[PDB]
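The structure appears below as structure tokens.
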Amino acid sequence: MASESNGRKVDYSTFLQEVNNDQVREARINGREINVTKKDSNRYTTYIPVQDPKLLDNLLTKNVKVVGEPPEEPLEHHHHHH
């Protein structure tokens, strides 16, 4: 069984610095939270205090892998809720 807590906690500011240093390998986006894998196989999770659309463009210029998957709410599909 794998636990999410194992990932080191990282401030958004720290993440930006790592991007500039081309240390990040992959960044998954899910709502306000981003899950990140470093080239060194170390895993961590970072929170975005304020949405930064510019960040996406930066990751592309660095040739960093980007994944998008907004949170899903299957409950909303139900008509009874409305």
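Naming works like this for the structure tokens: A, B, ... for the chains as they're shown, residue 1 at the start of each chain, ligands 1 onward in shown order.
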Report the residues of stretch 20-69 of chain A whose backbone DSSP state falls under strand (DSSP E), written as a PyMOL selection string. chain A and resi 24-30+33-38+43-47+65-68
Residues near stretch 39-54 of chain A, anyone? I mean within 10 Å using only C-alpha atoms, not counting same-chain ones fewer than 5 positions away, as a PyMOL selection string. chain A and resi 4-15+22-28+31-34+59
Length of the atom CA of residue A:29 to atom CA of residue A:67 vector [Å]: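 Computing it gives 6.1 Å between the two atoms.
Interatomic distance, atom CA of residue A:37 to atom CA of residue A:73: 25.9 Å.
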